[PDB]
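**Q** My questions will all concern the structure given below.
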Amino acid sequence: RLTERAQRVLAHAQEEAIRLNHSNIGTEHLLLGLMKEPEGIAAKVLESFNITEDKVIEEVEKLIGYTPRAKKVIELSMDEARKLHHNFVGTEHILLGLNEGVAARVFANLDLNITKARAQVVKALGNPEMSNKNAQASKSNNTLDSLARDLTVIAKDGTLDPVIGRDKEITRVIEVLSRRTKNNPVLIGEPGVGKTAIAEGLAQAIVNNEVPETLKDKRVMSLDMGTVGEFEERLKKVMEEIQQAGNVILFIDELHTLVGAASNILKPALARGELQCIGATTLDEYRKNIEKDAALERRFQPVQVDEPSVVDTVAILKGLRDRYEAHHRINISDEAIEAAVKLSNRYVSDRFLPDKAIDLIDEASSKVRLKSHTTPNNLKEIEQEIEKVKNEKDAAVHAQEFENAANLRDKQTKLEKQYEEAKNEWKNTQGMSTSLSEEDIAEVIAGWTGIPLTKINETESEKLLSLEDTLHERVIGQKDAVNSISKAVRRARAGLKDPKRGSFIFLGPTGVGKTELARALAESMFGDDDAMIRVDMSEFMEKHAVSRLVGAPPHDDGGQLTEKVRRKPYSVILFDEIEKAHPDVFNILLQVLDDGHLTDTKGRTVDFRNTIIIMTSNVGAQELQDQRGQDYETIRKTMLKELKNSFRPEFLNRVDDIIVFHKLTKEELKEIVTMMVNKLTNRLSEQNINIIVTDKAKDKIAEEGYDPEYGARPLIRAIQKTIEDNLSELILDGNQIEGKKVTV
């Protein structure tokens, strides 16, 4: 199968060739078929060498006023074409054989084959010809309504927003748009990913002739659905007006779902197999547009749009730096841009990199602008004196007195002096000129969350290594448990540890770290104590296994965890004692842990290198008591083996470690009581109460009130009345006035 040249041109010519009792198709059928008028309306590649194509055209039309000569044309053109590496014969190659389709007259205008045509062809479509359509084998070849906003004209003006690194998307769009069935590409991603810039980028490619000119007519128009009542009716009336023009196509830049105002809005109306365009969806809109319909699904091809990388986001922001500077009237630092992109990338979990980067560069810039509102005050004081003096001279002019001698003159010259002073204060006082990187960003982010803000001042030393003391002091006992855990965390530094995957099983008494450590970890690890998520096991055991992961295997069931947990991809998930978990749960944990990913019915993949799970357990009901002469490792191995005998081995094999927790000793009881003092201090030193418990009572109390598998519970009742009622008394006392440190 050849190009459409001399195939479809002929099909059209035949529609229009019903003329002369033609014994067969002659060359003149096509030749005349290659024009709109039997006039020059004359540009074949040999027109430039020796052929008066305008005369050839008149002579061929006059001639009529395959055939044996057409066959010689076909055979010669193709044979020479093969020799010249022109696999299919086009208009610039048909000349090789055009035996019939020439001014075969005395004063002839005849074609060349392997002499000049092969050279003139380079100027024609020529060298860049791999694939199979045509060269627009015609003539010169060698209503746009308000619902069709023209982007290519804006592209031509030069005011559209370019996209960095998204040529693959434009390329794929062109390929899809040309098709008959899967022919409406859609861009996939959340808005902000760069989809709006891609749609605009297409319009730019068109005006810059980076595309074959087809889009010259099939211009980028944007669809403005209009409402402020039914409007689909208008879309249909306009669509008919546009389709009749048959030139331009309507795009969605970022968002489209099925709407109630056909769910496939305007689509059966325009289901003509033409005027293909890029639609645009997100993970959920795709589902709610295309998958939801599932009929027209056969007519779409998603084009996945990734977010720009730090390098690409920085490049667009630096390119756009001039625009932002003009609006902020400040300089925006390049370092600030690099930092804004990087620090937002670390801080924001809510948006794509361009959005979180932009939100930050405007806040950093805004702060410079607020500070720069004025000259780095004394002037204002001078102005206030000027206004005062002005008012006083008003009184001076009005005074109904006998006297520019004294009243008027005094105030007039005082004002003149102050006026010069106001000007001088401005001139010799010549906020911030330019934004900063870490300093402004730390302020913006610290403002938004604070807490060293934790991803700004973290160089991965404090939360990887110093982590051991933070976690241990938060949770007293078995520092070896803590050490194993901090090692698991530091191993992920630079991806030394599998980049796409933490997991621990915590066994022991209550009040020793089985649950306490998971929260302490979230506090340190994410700079967020509420990054810890607790999951009850009965709640998801069997009948509710479907609430752990969304199922639909057998409403919009988000389960209880998939929808909610997904909102925070920076988290510690604490599972209740797993011996209460159903094998389905363990199989789920296994599937989820591998490759670090979310296994659901939505596809909202989470890079789990940003999460960790902690599962408590009491399988080692007696084994945990080995602490009461075995060391950490020996106990660990014993509990590991028993866990293996209960939970699936494959699941268990994805666990970083089995952690030994352990009843606190008196030294440890004193340490947790001490932590209470720190808590009370944090709660009250703010009532301004500083706290020291009389030493006799302090130690006696911590030493006595223990509970082997809870924490120091017996201490509690004596203390609320001994300490809290007393601290209330300190307020009512005044001897041990708040700020002093004495209690019982």
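Ordering of the structure tokens sets the chain letters (A, B, ...), residue numbers begin anew at 1 in every chain, and ligands are numbered from 1 in the order given.
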With only C-alpha atoms as the counted atoms, please give the residues lying no more than 12 Å from residue 15 (chain A), apart from itself and same-chain residues fewer than 6 positions off, as an mmCIF file with N, CA and C atoms, in the first residue's frame.

**A**
data_model
loop_
_atom_site.group_PDB
_atom_site.id
_atom_site.type_symbol
_atom_site.label_atom_id
_atom_site.label_comp_id
_atom_site.auth_asym_id
_atom_site.auth_seq_id
_atom_site.Cartn_x
_atom_site.Cartn_y
_atom_site.Cartn_z
ATOM 1 N N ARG A 8 -5.997 8.252 -3.291
ATOM 2 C CA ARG A 8 -7.145 8.979 -2.792
ATOM 3 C C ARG A 8 -7.341 10.164 -3.676
ATOM 4 N N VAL A 9 -6.253 10.620 -4.287
ATOM 5 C CA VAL A 9 -6.423 11.725 -5.194
ATOM 6 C C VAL A 9 -7.301 11.175 -6.313
ATOM 7 N N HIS A 29 -6.443 11.751 -15.401
ATOM 8 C CA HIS A 29 -7.476 11.608 -14.397
ATOM 9 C C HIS A 29 -6.872 12.127 -13.107
ATOM 10 N N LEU A 30 -5.714 11.579 -12.758
ATOM 11 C CA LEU A 30 -4.995 12.008 -11.579
ATOM 12 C C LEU A 30 -4.493 13.417 -11.697
ATOM 13 N N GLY A 33 -6.982 15.621 -11.249
ATOM 14 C CA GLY A 33 -7.376 15.321 -9.872
ATOM 15 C C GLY A 33 -6.462 15.947 -8.807
#

**Q** Mind checking which residues fall within 9 Å of region 650-667 of chain A, counting only C-alpha atoms, ignoring those fewer than 3 positions away in the same chain, and posting them as an MDAnalysis selection string?

**A** chainID A and resid 476:482 484:485 488 502:514 586:591 593:594 624:625 627:628 632:633 635:637 639:640 643:644 647 670:672 702:704 706:712

**Q** Please provide as an MDAnalysis selection string all residues within 6 Å of region 224-232 of chain A, with the sequence filter that same-chain residues fewer than 2 positions apart are discarded (counting only C-alpha atoms).

**A** chainID A and resid 147 234:235 261

**Q** I'd like the contact shell of residue 86 (chain A) - 12 Å cut-off, only C-alpha atoms, skipping same-chain residues fewer than 5 positions apart - returned as a VMD selection string.

**A** chain A and resid 2 to 3 77 to 81 91 to 94 96 117 to 118 121 to 122 125 to 132

**Q** Please determine, counting only C-alpha atoms, which residue among A:251, A:436, A:293, A:161 has the shortest atom-to-atom distance to residue 323 (chain A).

**A**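 Nearest candidate to residue 323 (chain A) out of A:251, A:436, A:293, A:161: A:161.
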
**Q** Using only C-alpha atoms, pick whichever of A:320, A:263, A:411, A:69 has the shortest atom-to-atom distance to residue 294 (chain A).

**A**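 Of A:320, A:263, A:411, A:69, the one nearest residue 294 (chain A), counting only C-alpha atoms, is A:263.
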
**Q** Would you please give, as a count of residues only, all residues of region 333-502 of chain A that DSSP assigns to helix (DSSP H, G or I) based on the backbone?

**A** 109

**Q** Between CA of residue 34 (chain A) and CA of residue 102 (chain A), what distance in Å does the model show, to one decimal?

**A** 13.6 Å

**Q** Using only C-alpha atoms, which residues sit within 10 Å of residue 256 (chain A) once same-chain residues fewer than 2 positions away are excluded, as a PyMOL selection string?

**A** chain A and resi 186+252-254+258-259+279-282+285-286+288-290

**Q** Emit the selected residues as a PDB file, in the first residue's frame, including N, CA and C atoms.

**A**
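Once written, part_23.pdb looks like this:
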ATOM      1  N   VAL A 186      -5.859  11.978  26.088  1.00  0.00           N
ATOM      2  CA  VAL A 186      -6.219  12.858  27.174  1.00  0.00           C
ATOM      3  C   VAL A 186      -5.001  13.029  28.023  1.00  0.00           C
ATOM      4  N   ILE A 252      -9.434  20.420  26.192  1.00  0.00           N
ATOM      5  CA  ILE A 252      -9.555  20.558  27.628  1.00  0.00           C
ATOM      6  C   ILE A 252      -8.115  20.638  28.097  1.00  0.00           C
ATOM      7  N   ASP A 253      -7.732  21.627  28.895  1.00  0.00           N
ATOM      8  CA  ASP A 253      -6.328  21.641  29.259  1.00  0.00           C
ATOM      9  C   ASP A 253      -6.054  20.711  30.438  1.00  0.00           C
ATOM     10  N   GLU A 254      -6.803  20.872  31.530  1.00  0.00           N
ATOM     11  CA  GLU A 254      -6.558  20.018  32.683  1.00  0.00           C
ATOM     12  C   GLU A 254      -7.708  19.123  33.164  1.00  0.00           C
ATOM     13  N   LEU A 258     -17.532  13.106  33.081  1.00  0.00           N
ATOM     14  CA  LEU A 258     -18.827  13.083  32.454  1.00  0.00           C
ATOM     15  C   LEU A 258     -19.606  14.159  33.193  1.00  0.00           C
ATOM     16  N   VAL A 259     -20.458  14.882  32.479  1.00  0.00           N
ATOM     17  CA  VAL A 259     -21.266  15.934  33.102  1.00  0.00           C
ATOM     18  C   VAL A 259     -22.726  15.737  32.732  1.00  0.00           C
ATOM     19  N   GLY A 279      -8.339  15.670  25.504  1.00  0.00           N
ATOM     20  CA  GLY A 279      -9.237  15.913  26.628  1.00  0.00           C
ATOM     21  C   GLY A 279      -8.335  15.938  27.865  1.00  0.00           C
ATOM     22  N   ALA A 280      -8.854  16.018  29.064  1.00  0.00           N
ATOM     23  CA  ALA A 280      -7.872  16.016  30.147  1.00  0.00           C
ATOM     24  C   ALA A 280      -8.511  15.594  31.428  1.00  0.00           C
ATOM     25  N   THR A 281      -7.872  14.640  32.074  1.00  0.00           N
ATOM     26  CA  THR A 281      -8.387  14.057  33.294  1.00  0.00           C
ATOM     27  C   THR A 281      -7.284  13.874  34.338  1.00  0.00           C
ATOM     28  N   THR A 282      -7.671  13.392  35.514  1.00  0.00           N
ATOM     29  CA  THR A 282      -6.766  13.089  36.615  1.00  0.00           C
ATOM     30  C   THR A 282      -6.986  11.629  36.872  1.00  0.00           C
ATOM     31  N   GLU A 285     -10.607  11.716  37.662  1.00  0.00           N
ATOM     32  CA  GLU A 285     -11.508  12.154  36.612  1.00  0.00           C
ATOM     33  C   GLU A 285     -11.496  11.150  35.485  1.00  0.00           C
ATOM     34  N   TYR A 286     -10.355  10.508  35.245  1.00  0.00           N
ATOM     35  CA  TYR A 286     -10.265   9.546  34.172  1.00  0.00           C
ATOM     36  C   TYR A 286     -11.291   8.500  34.468  1.00  0.00           C
ATOM     37  N   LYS A 288     -13.858   8.819  36.310  1.00  0.00           N
ATOM     38  CA  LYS A 288     -15.173   9.442  36.246  1.00  0.00           C
ATOM     39  C   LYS A 288     -15.529  10.015  34.876  1.00  0.00           C
ATOM     40  N   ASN A 289     -14.667   9.829  33.885  1.00  0.00           N
ATOM     41  CA  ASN A 289     -14.938  10.361  32.576  1.00  0.00           C
ATOM     42  C   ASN A 289     -15.010   9.195  31.619  1.00  0.00           C
ATOM     43  N   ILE A 290     -13.888   8.535  31.508  1.00  0.00           N
ATOM     44  CA  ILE A 290     -13.711   7.505  30.542  1.00  0.00           C
ATOM     45  C   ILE A 290     -14.054   6.126  31.038  1.00  0.00           C
TER      46      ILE A 290
END

**Q** Give me, as a list in words, all polymer residues having an atom no more than 12 Å from region 413-426 of chain A, counting only C-alpha atoms and skipping those fewer than 5 positions away in the same chain.

**A** residues 374, 375, 376, 377, 378, 379, 380, 381, 382, 383, 384, 385, 386, 387, 388, 389, 390, 391, 392, 393, 404, 405, 406, 407 and 408 of chain A

**Q** Between A:221, A:271, A:245, A:170, which has the minimum distance to residue 305 (chain A) (counting only C-alpha atoms)?

**A**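 The closest residue to residue 305 (chain A) is A:170.
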
**Q** Out of A:558, A:1, A:31, A:273, which residue has the shortest atom-to-atom distance to residue 13 (chain A) when counting only C-alpha atoms?

**A** A:31

**Q** Rank nothing, just name the residue among A:59, A:295, A:409, A:164 nearest to residue 106 (chain A), using only C-alpha atoms.

**A**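 With only C-alpha atoms as the atom set, the closest residue is A:59.
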
**Q** Using 10 Å as the limit and counting only C-alpha atoms, can you tabulate each residue of region 115-220 of chain A that touches region 338-354 of chain A, with its shortest atom-to-atom distance in Å and the two atoms involved, as a Markdown table?

**A**
| residue | atom | partner | partner_atom | distance |
| --- | --- | --- | --- | --- |
| A:189 | CA | A:352 | CA | 9.4 |
| A:190 | CA | A:352 | CA | 7.7 |
| A:191 | CA | A:352 | CA | 8.4 |
| A:192 | CA | A:352 | CA | 6.3 |
| A:193 | CA | A:352 | CA | 5.6 |
| A:194 | CA | A:354 | CA | 7.6 |

**Q** List the spatial neighbours of residue 156 (chain A) as an mmCIF file with C-alpha atoms, in the first residue's frame - criterion: any atom at most 10 Å away, only C-alpha atoms, same-chain residues fewer than 3 positions off excluded.

**A**
data_model
loop_
_atom_site.group_PDB
_atom_site.id
_atom_site.type_symbol
_atom_site.label_atom_id
_atom_site.label_comp_id
_atom_site.auth_asym_id
_atom_site.auth_seq_id
_atom_site.Cartn_x
_atom_site.Cartn_y
_atom_site.Cartn_z
ATOM 1 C CA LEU A 151 -4.945 29.596 21.937
ATOM 2 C CA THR A 152 -2.769 29.495 18.842
ATOM 3 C CA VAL A 153 -3.316 33.181 18.289
ATOM 4 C CA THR A 159 2.047 35.163 25.868
ATOM 5 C CA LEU A 160 1.456 31.430 26.585
ATOM 6 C CA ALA A 203 -0.474 25.872 20.681
ATOM 7 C CA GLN A 204 3.132 27.151 20.799
ATOM 8 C CA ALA A 205 4.396 24.196 18.763
ATOM 9 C CA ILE A 206 1.821 25.009 16.108
ATOM 10 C CA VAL A 207 2.760 28.634 15.670
ATOM 11 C CA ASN A 208 6.454 27.736 15.773
#

**Q** Between CA of residue 690 (chain A) and CA of residue 740 (chain A), what is the distance, to one decimal in Å?

**A**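 If I compute the distance from CA of residue 690 (chain A) to CA of residue 740 (chain A), I get 5.8 Å.
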